[PDB]
> 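Here it is, the structure in full.
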Amino acid sequence: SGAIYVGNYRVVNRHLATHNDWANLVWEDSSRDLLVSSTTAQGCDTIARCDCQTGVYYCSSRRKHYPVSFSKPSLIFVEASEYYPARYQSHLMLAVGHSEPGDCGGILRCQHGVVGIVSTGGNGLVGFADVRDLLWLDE
Ligand SMILES: CSc1ncccc1CC(=O)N1CCC[C@H](C(N)=O)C1
Ligand SMILES: [Zn+2]
């Protein structure tokens, strides 16, 4: 689990969104595994606006942060689960690293700020849903 709080927005994995997230929906995209809902309180996370390919992610299944090299956002094939059929997930970045399903929502950060959140994994590869292109999160 985990979310990004910026301004009056909350960014979470769409497959983990709550009833309150859907009742205050701003935007959602199944192909990206993202959902953004509105909040009453002000968020202070900084979103990175860059093309960094190195960062640090939080892995809850190890209670540790790991430094990683990651690919540019792209369309990557993702196996079926209880939340989605087998499909291509867009805006996804992969890195060599550990993850388990409950790790979804852990933040990936670079020197400029928040890059994305853990969204997929398997075979020693972890995938992050990019949020750097969502320029509207700041206004
Ligand atoms: C960190 S997730 C993970 N990690 C290791 C093994 C397995 C997983 C689980 C996983 O990949 N997904 C299940 C939940 C939805 C995901 C999606 N975006 O389609 C796919
Ligand atoms: Zn950066």
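This chain uses plain numbering: 1 for the first residue, then up along the sequence. Computed over heavy atoms, backbone and side chain alike; hydrogens, waters and symmetry mates excluded.
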> Regarding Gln89 and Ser119, do their side chains bring together a donor and an acceptor under 3.5 Å, going by distance alone?
yes
> Any salt bridge (charged side-chain N to carboxylate O under 4.0 Å, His left out) involving residues 55-67? Give me the pairs, sequence neighbours left out, ordered by first then second residue.
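Every salt bridge (charged side-chain N to carboxylate O under 4.0 Å, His left out) pair that includes a residue of residues 55-67, provided the two are not neighbours, is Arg62-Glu100.
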> Within the structure provided, determine whether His112 and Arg49 are in side-chain contact (heavy-atom separation under 4.5 Å).
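Not in contact.
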> Would you say the side chains of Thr54 and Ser69 form a donor-acceptor pair under 3.5 Å?
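Absent: no donor and acceptor within the cut-off.
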> The test is side chain to side chain contact (heavy atoms under 4.5 Å, CB included); show your working for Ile47 and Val131 and say whether it passes.
CA-CA 8 Å; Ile47 310 293; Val131 301; 4.2 Å; yes
> What's the shortest heavy-atom distance between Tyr9 and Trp136, and which atoms?
CE1-O, 3.8 Å
> Which salt bridge (charged side-chain N to carboxylate O under 4.0 Å, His left out) pairs, counting each pair once, include a residue from residues 13-24, with sequence neighbours left out?
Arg10-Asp21, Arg14-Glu28
> Is it true that the side chains of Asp33 and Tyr84 contain a donor and an acceptor less than 3.5 Å apart?
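Yes, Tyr84 and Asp33 have a side-chain donor paired with an acceptor closer than 3.5 Å.
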> Looking at every non-hydrogen atom in both residues, tell me the closest pair between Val118 and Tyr58 and how far apart they are.
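For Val118 versus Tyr58, the nearest heavy atoms are CG2-O, 4.5 Å.
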> Check this for me, if you would: do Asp51 and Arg132 make a salt bridge, where the nitrogen-to-carboxylate-oxygen distance has to be below 4.0 angstrom?
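Salt bridge flag = no for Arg132 with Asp51.
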> Grab the two heavy atoms, one from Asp103 and one from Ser60, that are nearest each other, plus how far apart they are.
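Taking every non-hydrogen atom into account, OD1-OG, 2.7 Å.
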> Could you verify whether a donor N or O on one side chain and an acceptor N or O on the other, from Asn8 and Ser38, lie under 3.5 Å apart?
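No - no donor-acceptor pair under 3.5 Å links their side chains.
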